[PDB]
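Q: Next up is a structure, given as C-alpha cells.
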Amino acid sequence: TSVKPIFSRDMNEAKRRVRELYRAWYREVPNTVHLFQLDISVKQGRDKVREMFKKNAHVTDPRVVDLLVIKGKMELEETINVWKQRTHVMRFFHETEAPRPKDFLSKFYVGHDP
Amino acid sequence: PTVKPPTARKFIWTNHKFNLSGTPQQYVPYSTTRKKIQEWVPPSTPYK
Amino acid sequence: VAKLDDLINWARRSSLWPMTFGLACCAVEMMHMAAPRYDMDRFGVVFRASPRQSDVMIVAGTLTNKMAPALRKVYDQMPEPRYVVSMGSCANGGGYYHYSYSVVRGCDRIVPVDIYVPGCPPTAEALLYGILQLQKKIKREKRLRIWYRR
Amino acid sequence: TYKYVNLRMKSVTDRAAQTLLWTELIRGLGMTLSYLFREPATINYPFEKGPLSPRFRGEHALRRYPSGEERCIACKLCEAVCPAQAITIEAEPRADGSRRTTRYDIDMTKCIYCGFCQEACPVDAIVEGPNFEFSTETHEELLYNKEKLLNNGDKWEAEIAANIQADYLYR
Amino acid sequence: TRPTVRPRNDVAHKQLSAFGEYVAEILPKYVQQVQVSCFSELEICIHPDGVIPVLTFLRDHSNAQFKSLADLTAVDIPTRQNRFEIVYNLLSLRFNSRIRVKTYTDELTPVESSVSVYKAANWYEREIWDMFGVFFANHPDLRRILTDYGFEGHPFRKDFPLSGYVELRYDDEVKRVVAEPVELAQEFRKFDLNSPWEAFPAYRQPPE
Amino acid sequence: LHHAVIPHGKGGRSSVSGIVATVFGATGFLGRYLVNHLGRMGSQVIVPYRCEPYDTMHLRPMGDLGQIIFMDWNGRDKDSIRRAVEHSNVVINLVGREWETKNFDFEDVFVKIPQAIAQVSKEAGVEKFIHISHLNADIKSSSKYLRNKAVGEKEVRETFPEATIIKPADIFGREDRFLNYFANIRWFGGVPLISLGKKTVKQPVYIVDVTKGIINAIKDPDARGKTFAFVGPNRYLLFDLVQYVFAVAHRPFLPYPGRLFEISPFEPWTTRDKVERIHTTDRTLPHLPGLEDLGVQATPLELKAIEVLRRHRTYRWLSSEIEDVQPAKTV
Amino acid sequence: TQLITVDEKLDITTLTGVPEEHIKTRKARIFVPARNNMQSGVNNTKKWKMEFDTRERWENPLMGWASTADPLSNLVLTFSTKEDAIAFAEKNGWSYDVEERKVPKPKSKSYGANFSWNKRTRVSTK
Amino acid sequence: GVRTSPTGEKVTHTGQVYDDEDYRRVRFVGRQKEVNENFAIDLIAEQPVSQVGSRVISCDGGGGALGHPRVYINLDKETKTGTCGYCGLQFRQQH
Amino acid sequence: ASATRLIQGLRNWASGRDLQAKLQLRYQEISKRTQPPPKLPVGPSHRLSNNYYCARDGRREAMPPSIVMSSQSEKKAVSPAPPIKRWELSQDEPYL
Ligand SMILES: NC(=O)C1=CN([C@@H]2O[C@H](COP(=O)(O)OP(=O)(O)OC[C@H]3O[C@@H](n4cnc5c(N)ncnc54)[C@H](OP(=O)(O)O)[C@@H]3O)[C@@H](O)[C@H]2O)C=CC1
Ligand code: SF4
Ligand code: SF4
Ligand code: SF4
Ligand SMILES: [Zn+2]
C-alpha cells in the first residue's frame, strides 16, 4: 500500500492543483473563444469546463487526480499556444451526433444495446 | 505475336475492351451469395 | 454555346497546374513521374506550390487524423474549378493501414475525389494514364450547353 | 580504411582571376550547355510504354484450366496470407460436388500489391496480372467481385499464361 | 550443423558474462538480475529508483564508456502488476559493444528521467508518455509527439483496441472535420493461428 | 418489409436505416443539407441531377460507398422520373427556382413537375411523399411565386392524398438568399426598402430545424397526410431584422425609404417578385402543427445570425465575439 | 521517506481514455479456453484468456461484409493465472464473469484389460 | 447458358439474383450488371471421360508444375467414374 | 548517337570529357528482353541418406538466456570487449 508520490503528498495538495487548473481554464476560456473565432458564447465554454471537472470528480486516489491535473495542463498548453485547430476545440461540443436514446423502451425499439 | 502467337483457348475474349469507367457499361460491385436466413411465410388460410 | 464549351474545355485540360501535396512513398513516385523519363511538363503540367494558383491536387500518401484539417483547408483554398486525384491505396481506402487507429479510411471522407489511381505505389505510367483520363473527363464537360438548356 | 574529405603568388593570382572572371561558373555553364545538346529521354506516352518485366505486379485475375473449368478450389490460403485482409472468401460445394467458391471479393483499395496471394495459391488460380492502366472514377468500381476477376482472367489469359511460362522456373 | 544453423560465439559470451559480473558487483544497490542471451547480448535488470545512478556509471566509467543511447523502449505486459517494462539500449564505441538496461513501472508510479544523462531521451521517453502513459519526473518539455492533439487514451497499451474509438469525417452541416464513433464497413477478421502443440522443449515452464 | 431494408447497426455512417429516399433537386440548399443529414444515418439516397456532374461533387462525401446514386433526369420526361423512383420508399420534392428562366417559367417548376412526380410515385406505389411549399402560399397573393405554389400544393394534395406538405416560412443558413440578400444589397447603395420596413412581420426558421423536421416526418408514421407549418420561434419586424443583420456585420446603417437586375445572363441578383415577397407578411397558422410537434428544438436568430453573416465582415471587425452585439427587438 | 500511503482501490477508468458506455455496460469473461476436439494438443489451454461479449455484426449494403460497431470485438488478453486477470478486470472497472479451469481426470489405462478372461472389457476387434 | 429471372437481371453461376422487390437493383439502373458468360459447370460437362488401363491413375491437370498437385484416383468401382478433386476431370476403366 | 560530329565535339568540349564513351541512354549493348529457361541448383540438404532433420535443426538449438547473478580474490577490472583498434588510413585515395 506504500506508493511513491509524484507531486501531491495528500488530497489537500491535489485539490489545490485542481483549483489552480480550474482557475487557469476559467481565465483562458474567453481568449480561446475570441482567438479561434468560435461561434459559441463564453458561458457555454465555461460551463463545459465545469461539466468536465464535475465529470472527473469521483476519484479519491491522489496519483490519479494528480495525473488528471497534469493532462489538463497539457490541454491548457496546447490551447494557450495555437497548436490546435477549430475542430480540435470544437470536438468537446458534439454537434453532429444525434441524441442517443436513454429509456428502455426507445433502446428496445432501436437495437440490442443492453 | 505475329511470329509467336498465343495458345488458343475457348474462353479467351475475341475482342479487347478499353477502360469503361464513366460509360453505361462500367462495372458495379454486388454480392454473389443468396439469402442467408429464410423467413417464415405466414399461411394464407383463415385462422378460424 | 457548344463550340465555346469546346474551347474552355481545351484551355483547362491542356494547362493543368497540380500542387506539391505529397506525404509518403507515393510522393517519391510522383517525383519519379516528373523525371525526364515521363516528363509531366510536356502535357502542360507544371508544379505550382501555392493552392491559390493550382488547378488539380494529387493526394499522395497516407492521410492521418492529424492531417485531415490541413488537407481540408488546402482544398478549400483552391479556386474553382478544382479536381482531386486520389493516389495509391492509402489515399484510396486506407490500404495497408486501413484498420489503424490514426488513419483516415480513404481521403474521400474529407475531400471529393474525382480520379482514383490504384497501386502501392502506382507506376508513373499508370499515373500518367490517370491524368490523361482526368483530361478526357474535363474534355467531355458540358457546362455551357447545360446553361443554355436551363 | 578511412579518408579525410575536405582536408586540403601564382596560385593567389589564379584564385583572384577566378574570382573576377568566373572560371568555375563558366565551367558549370558549359556542362549545362552540354546537357542542352543531348537527346532527351522522354518516351512518347501513350504511344510508347516504359520497360517492364514478366514478374510485374498489376491487376488481380482469376485464371482457368485449359478445359473451361475454373481454377480456384476454395482453399482460403490467399485470404490467410493477405497482409491487408483485402480478400473475402465464402465457399460452398456446387451441384456436382466440387469444392468451389461462391463469393471471392478483393478490395483493391485495401490491397498493397505485394504478390503473396499469387505465390501462396496451390493451383495458380489468383494471379497478380500485368495490367497497370486500370484507374477508375468511382470508389465502388475498385471493389472487385468474383465475376470481375473471372472476366479479367479471361481478358488477360493470353499474356498471363505466357508470363507464367516464362517465369515459373525461377519459383 | 554447418550450413543452415547460425554459428555460436563463446568468447563474446564469456566476456559479456564477465562484464555483467563486473557491473553487478560494482552496483549492488539497484542491480537485480544479469543475463546473457544465446546470441551474445547482455541484459541488466535493475530497480526503477536506480535508473539514474546506474546509467551515468555506464556513461562515465573508463571500463564501460557506453556513450551512445541507441533506443529507448517501453513494453506492455499486462500479466505483471508493473505492466510497463522500460528498456534502455546503450552503445559503447571505445569498446565496440552494446548493453541493455531494463526496469519496470506501473501506470501511477513515476520514473526518473534520463535527460540529465542522454539528451536524446529528451524526445524518446516523451514519445513513451504519448504511447503508454508512463510519467517521467523532471522532464523539461513533456507533451504528446505522435498522436492527435485531442486524442484521449494511450494507444500502445494492449488493452487499447486496434481500431480507435473515434473516426474523422468532413461535415458540410458544420463545415468542419468532426469525430464520430467508430463504425467499420468490414470487421477486422481475428485469426486463430496458434498451433496447439508444444513449441519448444527447452522453453518449457514448470507446471502448477 | 424486406430483409435488405430492415434497420441495422448503431445508426452510424455505415449502418442501414431502412430509408430509400429520392430527393428531387438535391443540388440546391435544402437538398444539400437534407442529403447530408440522410447520409450520416446510413440511408440509401437517389439524387437525380439536371446540372453538370461536377456541381454535384459536393454531394459525394456525405455518404458511404454506394449510399448515394446519381441519376440523369428531365423535368418534362416522366420516364426518367419512373427510373428514379421505382425502388425508393420515400420521395422528397424540393424543386423550385426563384426566377423564371428562358424555358422554365413559374408554372412548370411549381405546378407541372410536382404533379408529374406525384403521379409517377403513386403509379410506382411509393409509400411516403414529402413536398415542400411556402408558408405564404396564397391564391390571392401579389406574386406569381406564391400563387403558383398554392396551385402546386393543391395539385400535390389532390394527386397524392397521403402527401406530407411542409411549408417553411423563411429558411436562413450559410448559403441562403434571405440574410445573404440583405447583406448583399448594401453593395447596391443605401439598402432600399419600402416604408422603412416597419409594417411587415417575418419569422425566419433555421435550416437545421427544417432538416430535422423533415427527417422526423420521414421517420414518424403519424405525419402522413398532414400539412405542417415550419415557423421559427420568434417574430421580427423587417426594420428590426435589417437592423440586426447590419448590426452583426459591423457595417454602418444608412437606409432610405428590382427588375433591373433580373435580366442578366448570369444568375440574377434581384427580381421584382423577390421585392414582392420581401414585403409580404408571415401568415399565422395556429391550427396547423409546427416544429414543436415533431420533437425539434427551435433555434432563434440570435445564435445563428453571426454564424450566417460572419463572412460579410472585413478584417477590421473579423475578431468580434458572439455576445458583443445588441440583439433585435421582438414584437 | 519519499513515500505516501494510499488505501483505496485502484480505479484507472479516468486515465485509460475509454468512453463511459464501454465501461459499465460491457461484461468481460475470464476463462481457460477449451481444447479443439478435432485436435489432440493441449498447449492452447495453458494461459487464461480475458475476452468480451459479441455485439451486432450486420451485412454491408454493398456486398454484405461483416459491418460492426463494437471497437472491443477483437480484444483478447492473455494472463498467466487467474488472480492477475481478476486484478486487471477490477482495475479498469470491468464487471467480469470468471470460469474455473477444468483439469481432466487422470485415467487408469491398462492394455491388458482388452484381453481379460472374466470381464466385459474384452475387445471385439483389434 | 445464362438464365433470365423475370425481373430482367441475368443470373450468375453462383445462383445469385436480386428479387423484384429488392431496392438494391437501383444500383444497376443507368449501368450494367457484369456477369461471366462462361459457366464453369457447363464448360466442364462436355469434357470426355478417359479410359485408362490400370486400376489407379495419376492426375496433375496437365503442364506438370503449372497445374494442381498430383492426386491418385482409384477406379475400383464399376458404377461411378473417378473424378479429380481439383481439375474436375473424370477417368474410368474400360472393363 | 544520332547526332552529328560537330555537336559531338561541342558537347565534348563544353563538358570536358568524352561523353560518347559512356552514354546515359541504353542501346543494343544491354541483355536481351527474352532469355533461355534456367536450371536452378539445389540446396545442401537435398540428399537421400544421412539427412535426419534432428541433426541440423536451427530453431530447436535455441537456449533460454543464462542468468549470471540472480536476486531470486582481487579480480581484475574487465571490459565488454577489447578496445577497437585504430583505423588505418586508406592507401588508395588518402585525400592528403
Ligand atoms: N427562399 C427560400 O429558400 C425558400 C424556399 N422555399 C422552397 O424550398 C425548396 C428548396 O429551397 P432551396 O434549396 O432554397 O432552392 P434552390 O433554388 O436553392 O434549389 C432548387 C433545386 O431544384 C432544381 N430545379 C429547379 N428548377 C428545376 C427544374 N425546372 N427542373 C429540374 N430541376 C430544377 C435545381 O437544380 P439546378 O439549379 O442545378 O438546375 C436545384 O437543385 C423549394 O421548393 C423552394 O421553392 C420555400 C420558401 C422559401
Ligand atoms: S499506397 Fe503504398 S506506396 Fe503509397 S503511401 Fe501507401 S504504403 Fe506507400
Ligand atoms: S497482392 Fe498482397 S495485399 Fe494484394 S490481395 Fe494479394 S496478398 Fe493481399
Ligand atoms: S489460394 Fe488459390 S485456390 Fe486457394 S482460395 Fe485463394 S485463389 Fe482459391
Ligand atoms: Zn486433376
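Residues are named by chain letter and number: chains run A, B, ... in the order of the C-alpha cells, numbers start at 1 in each chain, and ligands are numbered from 1 in the order shown.
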Taking only C-alpha atoms and all ligand atoms into account, which residues are within 12 Å of ligand 3, as a ChimeraX atom specification?

A: /C:89,95-98,118-120 /D:56-62,76-89,104-121,125-129,143-144,149

Q: Quick one: residues within 9 Å of residue 30 (chain H), only C-alpha atoms, excluding same-chain residues fewer than 6 positions away - as a PyMOL selection string?

A: (chain B and resi 24-25) or (chain F and resi 71-72+83)

Q: Got a sec to tell me which of region 7-82 of chain I DSSP assigns to alpha helix (DSSP H), as a PyMOL selection string?

A: chain I and resi 7-15

Q: Only residues of chain F matter here; which ones have an atom within 7 Å of chain G, counting only C-alpha atoms? Give them as a list in words.

A: residues 8, 9, 10 and 66 of chain F

Q: So that I can check the surroundings of region 26-37 of chain A, please list as an MDAnalysis selection string every protein, DNA and RNA residue that reaches within 12 Å of it, counting only C-alpha atoms and ignoring chain neighbours fewer than 3 positions away.

A: (chainID A and resid 19:23 40:50 53 75:90) or (chainID F and resid 306:307 310:311 317:324)

Q: Neighbours of residue 13 (chain B) within 12 Å (only C-alpha atoms; same-chain residues fewer than 5 positions away dropped), as a list in words?

A: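 Near neighbours after the sequence-gap exclusion: residues 8 of chain B; 150, 151, 152, 153, 154, 155, 156, 157 and 158 of chain D; 36, 37 and 38 of chain H.
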
Q: Please provide the set of residues having any atom within 9 Å of residue 151 (chain F), restricted to only C-alpha atoms, with same-chain residues fewer than 3 positions apart removed, written as a list in words.

A: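 The filter keeps residues 107, 110, 111, 137, 138, 139, 146, 147, 148, 154, 155 and 156 of chain F.
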
Q: Please find the residues of chain F near chain C - the criterion being any atom within 8 Å, counting only C-alpha atoms - and write them as a count of residues only.

A: 11

Q: Work out how far apart CA of residue 89 (chain G) and CA of residue 46 (chain G) are and give it in Å to one decimal.

A: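 Rounded to one decimal, the two atoms are 19.5 Å apart.
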
Q: What residues have any atom no more than 9 Å from ligand 5 when counting only C-alpha atoms and all ligand atoms, and can you list them as an mmCIF file with N, CA and C atoms, in the first residue's frame?

A:
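Once written, selection-v4.cif looks like this:
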```
data_model
loop_
_atom_site.group_PDB
_atom_site.id
_atom_site.type_symbol
_atom_site.label_atom_id
_atom_site.label_comp_id
_atom_site.auth_asym_id
_atom_site.auth_seq_id
_atom_site.Cartn_x
_atom_site.Cartn_y
_atom_site.Cartn_z
ATOM 1 N N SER H 58 -2.986 -41.310 -62.106
ATOM 2 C CA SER H 58 -2.477 -40.082 -61.512
ATOM 3 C C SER H 58 -2.901 -38.890 -62.358
ATOM 4 N N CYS H 59 -3.419 -37.854 -61.703
ATOM 5 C CA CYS H 59 -3.833 -36.630 -62.372
ATOM 6 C C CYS H 59 -3.064 -35.454 -61.791
ATOM 7 N N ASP H 60 -2.468 -34.650 -62.670
ATOM 8 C CA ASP H 60 -1.825 -33.405 -62.286
ATOM 9 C C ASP H 60 -2.416 -32.200 -63.001
ATOM 10 N N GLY H 61 -3.444 -32.396 -63.826
ATOM 11 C CA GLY H 61 -4.095 -31.312 -64.528
ATOM 12 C C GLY H 61 -3.423 -30.880 -65.809
ATOM 13 N N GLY H 62 -2.287 -31.465 -66.154
ATOM 14 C CA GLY H 62 -1.571 -31.077 -67.358
ATOM 15 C C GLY H 62 -0.590 -29.951 -67.105
ATOM 16 N N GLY H 67 0.071 -27.072 -63.100
ATOM 17 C CA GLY H 67 -1.255 -27.483 -62.688
ATOM 18 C C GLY H 67 -1.400 -27.650 -61.191
ATOM 19 N N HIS H 68 -2.297 -28.532 -60.778
ATOM 20 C CA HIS H 68 -2.549 -28.804 -59.371
ATOM 21 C C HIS H 68 -1.595 -29.875 -58.868
ATOM 22 N N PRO H 69 -1.487 -30.052 -57.545
ATOM 23 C CA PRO H 69 -0.720 -31.187 -57.016
ATOM 24 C C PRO H 69 -1.264 -32.522 -57.503
ATOM 25 N N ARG H 70 -0.347 -33.461 -57.729
ATOM 26 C CA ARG H 70 -0.689 -34.737 -58.343
ATOM 27 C C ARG H 70 -1.462 -35.606 -57.359
ATOM 28 N N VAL H 71 -2.633 -36.077 -57.778
ATOM 29 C CA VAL H 71 -3.501 -36.891 -56.940
ATOM 30 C C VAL H 71 -3.790 -38.201 -57.657
ATOM 31 N N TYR H 72 -3.816 -39.289 -56.897
ATOM 32 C CA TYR H 72 -4.067 -40.617 -57.435
ATOM 33 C C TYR H 72 -5.524 -40.991 -57.203
ATOM 34 N N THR H 83 -13.568 -38.995 -60.475
ATOM 35 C CA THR H 83 -13.389 -37.592 -60.817
ATOM 36 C C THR H 83 -12.265 -36.990 -59.988
ATOM 37 N N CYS H 84 -11.453 -36.155 -60.630
ATOM 38 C CA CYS H 84 -10.352 -35.499 -59.942
ATOM 39 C C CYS H 84 -10.876 -34.470 -58.949
ATOM 40 N N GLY H 85 -10.182 -34.349 -57.817
ATOM 41 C CA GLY H 85 -10.601 -33.396 -56.802
ATOM 42 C C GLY H 85 -10.424 -31.953 -57.232
ATOM 43 N N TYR H 86 -9.332 -31.657 -57.936
ATOM 44 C CA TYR H 86 -9.012 -30.284 -58.314
ATOM 45 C C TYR H 86 -9.599 -29.909 -59.672
ATOM 46 N N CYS H 87 -9.192 -30.621 -60.723
ATOM 47 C CA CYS H 87 -9.477 -30.191 -62.087
ATOM 48 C C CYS H 87 -10.892 -30.520 -62.538
ATOM 49 N N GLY H 88 -11.564 -31.460 -61.881
ATOM 50 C CA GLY H 88 -12.885 -31.874 -62.300
ATOM 51 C C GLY H 88 -12.917 -32.873 -63.434
ATOM 52 N N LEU H 89 -11.762 -33.305 -63.933
ATOM 53 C CA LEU H 89 -11.724 -34.335 -64.959
ATOM 54 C C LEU H 89 -12.073 -35.690 -64.360
ATOM 55 N N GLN H 90 -12.739 -36.520 -65.157
ATOM 56 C CA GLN H 90 -13.201 -37.828 -64.715
ATOM 57 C C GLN H 90 -12.584 -38.912 -65.584
#
```

Q: Could you please select, counting only C-alpha atoms, the residues of chain I within 7 Å of chain D and state them as a ChimeraX atom specification?

A: /I:11,14-15,38,87-90,94-96

Q: Would you save the residues of that selection, restricted to N, CA, C and O atoms, as a CSV table (one decimal), in the first residue's frame?

A:
```csv
chain,number,residue,atom,x,y,z
I,11,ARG,N,29.8,19.2,-77.5
I,11,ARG,CA,29.4,18.6,-76.2
I,11,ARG,C,30.7,18.1,-75.5
I,11,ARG,O,30.8,18.3,-74.2
I,14,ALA,N,32.5,21.3,-74.2
I,14,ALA,CA,31.8,22.1,-73.1
I,14,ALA,C,31.6,21.3,-71.8
I,14,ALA,O,31.6,21.9,-70.7
I,15,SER,N,31.6,19.9,-71.9
I,15,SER,CA,31.6,19.1,-70.7
I,15,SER,C,33.0,18.8,-70.2
I,15,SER,O,33.2,18.5,-69.0
I,38,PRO,N,16.2,-21.3,-67.3
I,38,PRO,CA,17.4,-21.8,-66.5
I,38,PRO,C,17.1,-23.2,-65.8
I,38,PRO,O,16.0,-23.7,-65.9
I,87,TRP,N,41.9,3.0,-36.8
I,87,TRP,CA,41.6,2.8,-38.2
I,87,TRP,C,42.8,3.2,-39.0
I,87,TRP,O,43.5,4.1,-38.7
I,88,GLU,N,43.1,2.4,-40.1
I,88,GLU,CA,44.2,2.6,-41.0
I,88,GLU,C,43.8,3.6,-42.1
I,88,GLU,O,42.7,3.5,-42.6
I,89,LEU,N,44.7,4.5,-42.4
I,89,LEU,CA,44.4,5.5,-43.5
I,89,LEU,C,44.5,4.7,-44.8
I,89,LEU,O,45.4,3.8,-45.0
I,90,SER,N,43.6,5.0,-45.7
I,90,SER,CA,43.5,4.3,-47.0
I,90,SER,C,44.6,4.6,-47.9
I,90,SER,O,44.9,5.8,-48.1
I,94,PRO,N,43.9,8.6,-50.1
I,94,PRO,CA,44.0,9.1,-48.8
I,94,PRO,C,43.5,10.6,-48.7
I,94,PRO,O,43.4,11.0,-47.6
I,95,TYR,N,43.3,11.3,-49.8
I,95,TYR,CA,42.8,12.6,-49.9
I,95,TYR,C,43.7,13.6,-49.1
I,95,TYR,O,43.3,14.6,-48.6
I,96,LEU,N,45.0,13.3,-49.1
I,96,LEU,CA,46.0,14.1,-48.4
I,96,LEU,C,47.2,14.5,-49.3
I,96,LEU,O,47.4,13.9,-50.3
```

Q: Taking only C-alpha atoms into account, name the residue in C:132, C:30, C:40, C:19 that is nearest to residue 77 (chain C).

A: C:19

Q: One decimal, Å: what's the distance from CA of residue 75 (chain D) over to CA of residue 74 (chain G), could you say?

A: 24.2 Å

Q: Residues within 9 Å of residue 53 (chain C), please, as a PyMOL selection string. Count only C-alpha atoms; anything in the same chain fewer than 5 positions from it doesn't count.

A: chain C and resi 17-19+48+78-79

Q: Looking only at the backbone, which of the residues in chain D does DSSP tag as strand (DSSP E or B), as a PyMOL selection string?

A: chain D and resi 2+60-62+64+70+87-93+99-107+126-128+136+143-144

Q: For the residues in the current selection, export C-alpha atoms as a PDB file, in the first residue's frame.

A:
```pdb
ATOM      1  CA  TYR D   2      39.168   5.844 -43.878  1.00  0.00           C
ATOM      2  CA  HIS D  60      -5.676  -9.210 -59.946  1.00  0.00           C
ATOM      3  CA  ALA D  61      -7.026 -12.005 -62.139  1.00  0.00           C
ATOM      4  CA  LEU D  62      -8.555 -15.462 -61.733  1.00  0.00           C
ATOM      5  CA  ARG D  64      -8.829 -21.132 -65.614  1.00  0.00           C
ATOM      6  CA  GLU D  70     -12.253 -22.550 -63.135  1.00  0.00           C
ATOM      7  CA  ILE D  87      -9.666 -10.811 -49.710  1.00  0.00           C
ATOM      8  CA  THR D  88     -13.056 -12.125 -48.580  1.00  0.00           C
ATOM      9  CA  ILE D  89     -13.945 -15.716 -49.498  1.00  0.00           C
ATOM     10  CA  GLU D  90     -17.213 -17.560 -48.925  1.00  0.00           C
ATOM     11  CA  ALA D  91     -17.348 -21.129 -50.198  1.00  0.00           C
ATOM     12  CA  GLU D  92     -19.844 -23.953 -50.649  1.00  0.00           C
ATOM     13  CA  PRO D  93     -19.946 -27.140 -52.756  1.00  0.00           C
ATOM     14  CA  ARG D  99     -15.249 -27.545 -53.769  1.00  0.00           C
ATOM     15  CA  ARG D 100     -15.617 -24.105 -55.363  1.00  0.00           C
ATOM     16  CA  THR D 101     -16.263 -20.520 -54.261  1.00  0.00           C
ATOM     17  CA  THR D 102     -19.483 -18.523 -54.078  1.00  0.00           C
ATOM     18  CA  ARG D 103     -18.021 -15.143 -53.075  1.00  0.00           C
ATOM     19  CA  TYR D 104     -14.472 -14.020 -53.919  1.00  0.00           C
ATOM     20  CA  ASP D 105     -14.184 -10.291 -53.204  1.00  0.00           C
ATOM     21  CA  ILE D 106     -10.941  -8.314 -53.472  1.00  0.00           C
ATOM     22  CA  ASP D 107     -10.885  -4.778 -52.055  1.00  0.00           C
ATOM     23  CA  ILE D 126      -5.209 -15.976 -58.320  1.00  0.00           C
ATOM     24  CA  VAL D 127      -2.508 -14.120 -60.249  1.00  0.00           C
ATOM     25  CA  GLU D 128      -1.300 -10.560 -59.858  1.00  0.00           C
ATOM     26  CA  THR D 136     -11.323   4.326 -62.239  1.00  0.00           C
ATOM     27  CA  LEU D 143     -14.076  -3.228 -55.385  1.00  0.00           C
ATOM     28  CA  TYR D 144     -13.881  -6.390 -57.483  1.00  0.00           C
TER      29      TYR D 144
END
```

Q: Calculate how many Å separate CA of residue 15 (chain C) from CA of residue 44 (chain C), rounding to one decimal.

A: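 Spanning CA of residue 15 (chain C) to CA of residue 44 (chain C) is a straight-line distance of 4.6 Å.
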
Q: Could you pull out the residues sitting within 6 Å of ligand 1, using only C-alpha atoms and all ligand atoms, and write them as a list in words?

A: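 Based on only C-alpha atoms and all ligand atoms, ligand 1 is surrounded within 6 Å by residues 25, 26, 27, 28, 29, 30, 31, 50, 51, 75, 94, 95, 96, 97, 104, 109, 132, 133, 134, 168, 169, 170, 171 and 177 of chain F.
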